[PDB]
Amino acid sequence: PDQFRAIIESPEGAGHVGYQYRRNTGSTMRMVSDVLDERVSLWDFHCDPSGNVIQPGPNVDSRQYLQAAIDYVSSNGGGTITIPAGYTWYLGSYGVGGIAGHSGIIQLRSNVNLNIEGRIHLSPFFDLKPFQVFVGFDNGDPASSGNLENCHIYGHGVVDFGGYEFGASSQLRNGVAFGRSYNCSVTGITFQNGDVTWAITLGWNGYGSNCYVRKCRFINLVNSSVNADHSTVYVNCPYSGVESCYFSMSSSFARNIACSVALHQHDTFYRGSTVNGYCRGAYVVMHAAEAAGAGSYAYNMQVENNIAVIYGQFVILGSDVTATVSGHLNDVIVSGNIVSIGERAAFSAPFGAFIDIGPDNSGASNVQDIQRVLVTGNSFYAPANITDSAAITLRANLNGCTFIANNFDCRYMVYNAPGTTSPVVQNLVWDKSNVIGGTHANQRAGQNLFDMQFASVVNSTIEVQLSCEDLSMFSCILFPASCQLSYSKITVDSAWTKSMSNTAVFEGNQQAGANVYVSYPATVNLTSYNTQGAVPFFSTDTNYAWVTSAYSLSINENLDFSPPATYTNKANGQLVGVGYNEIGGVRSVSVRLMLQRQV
């Protein structure tokens, strides 16, 4: 019985105390230790070499203890390790082995979940240094790494990056790198107070699947001018996405460098999230250099039902090439988003846009293969002073994009800067159901609402419909002479255009093309013959050889005659129609006409 009291006080004591669930005689006869062994916490490993528990705190490095817990649970085929509530667990050194090549702190392992209820906080050892807090690669070379499967991080807890700035722009910092990750997720966690490159990365160059970020918060994760670039979540495996998250930045630097999400492989999504204070909402890009695991096509890309205040662009599309692989982006949907450019001076952040068709990372605009994109049922607003705001900034080659039933209230509808890139554009479709707002009315001196600064446009539709007047704009739509236009439909509805000097402008007379279909208002001077009765009226100018029909948009103030209601043309480029002289006489009128070609 000495050994009994001794047994009981020893670490095997619980293993000698019997238990049977709820005194049920049909239940297993267990020992207390068996029941305790059903759960596991950091406290079961956070101990000195003699086994005595250590309290966490700013003067204690918890890293080795958490790694020991992960390693052991892994050896039993997995489980969930709780990081207890009511404590802050500090990390204060780098991990070792395969994660060292990633500046890793903790190595995640398959089937080992982390239930973070307390706080995890970086110690000042990491100030001005690279780091990746949680790393799922098991090799410094990602190509030589094994997979991470079935690893979920969740809870009501917090990862706090300590506020430390980057030491050099070339450094990288991350919260969770799942690695070559299959069925991994982060749910519920707040990531805050840092200067980092990413908070979470999913996948590696297309290897991975079914990775998700849900109900997480990301708060103040850029804080310095050193930080080169930031994307809060980088989605680099298929069948993965981000939903119902909150993203907020307060620093000036974030308004110039930070993006919330990057979707970089097929079957990926960004849904139901709120963004504030960022430069950009989401990249949707196929990088040829990332094509190894899931092919060279990014398809089935969804950005839906988000709420955003940003300073640059909401969605940025891209694809590129390497020496041996060509990336392609197609089958994209952008719907249900409500987006605004936050209050800022014109030109004070990257050019404001709902959609950007951006060049590659070396600035090339002639490598892209972007098509089959639907942008529908979104709202976009930019304040009236923001000259640099567009529904779409179309800066690189575009093989198709369709806009239906959006409401865009900003300076430009379609824009690209003159003198810059000259994109080749195919299959740009702007349906009449896009509503153009009035916030920027009166602000558009010298500007074209649709400024078509492209090398060429083919197979495209622009149906312009105003909903209020803006007589400040130079034109509704302008094509420079350098832009070829063919097999396209361009229309300007007459409503709110009566007083406009120019409506559609074709500086190379491109509307004359055999397969150009256009209509727009114009003012035309006519003169009739003197005959009483049915009598022809003819335009005094001769630049209408392309017109197939025209009709009156003006009332007739006269009693003694009427000009024609409708007109066609003649070989010399005059318009002609048949009016009526109740009394004879040569007549001379100025009329507003709808000019039509093949429509």
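One-based numbering along the sequence shown.
Exercise. Which has the higher mean CA temperature factor in the PDB entry, 275-283 or 123-131?
Worked result: Per the deposited B-factors, the answer is 123-131.
Problem set entry | Mean temperature factor over C-alpha atoms, higher-scoring stretch between 191-199 and 415-423 | The entry gives the higher C-alpha B-factor average to 415-423.
Problem set entry | Residue with highest C-alpha B-factor in the PDB entry, from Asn448, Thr439, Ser472, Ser93 | The C-alpha B-factor peaks, among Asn448, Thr439, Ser472, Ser93, at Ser93.
For this session: Would you mind checking which of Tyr87, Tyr520, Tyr517, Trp496 has the top Cα temperature factor in the PDB entry?
Result: Of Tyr87, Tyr520, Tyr517, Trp496, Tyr87 has the highest C-alpha B-factor.
Exercise. Compared with the other modelled residues in the chain, in which third is the CA B-factor of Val464?
Worked result: For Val464, whose C-alpha B-factor we compare with every modelled residue in the chain, the answer is the lowest third.
Exercise. Once the chain's modelled residues are ordered by C-alpha B factor and cut into thirds, is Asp388 in the lowest, middle or highest one?
Worked result: Within its chain, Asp388 is a middle-third residue by C-alpha B-factor, going by the deposited values.
Problem set entry | Cα B factor band for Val591 (lowest, middle or highest third within the chain) | CA B-factor rank for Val591: middle third.
Problem set entry | Within-chain third of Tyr65 by Cα B-factor, per the entry | Highest third, going by the recorded CA B-factors of the chain.
Exercise. If you rank the chain by CA B-factor, which third does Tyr72 end up in: lowest, middle or highest?
Worked result: Top third by C-alpha B-factor.
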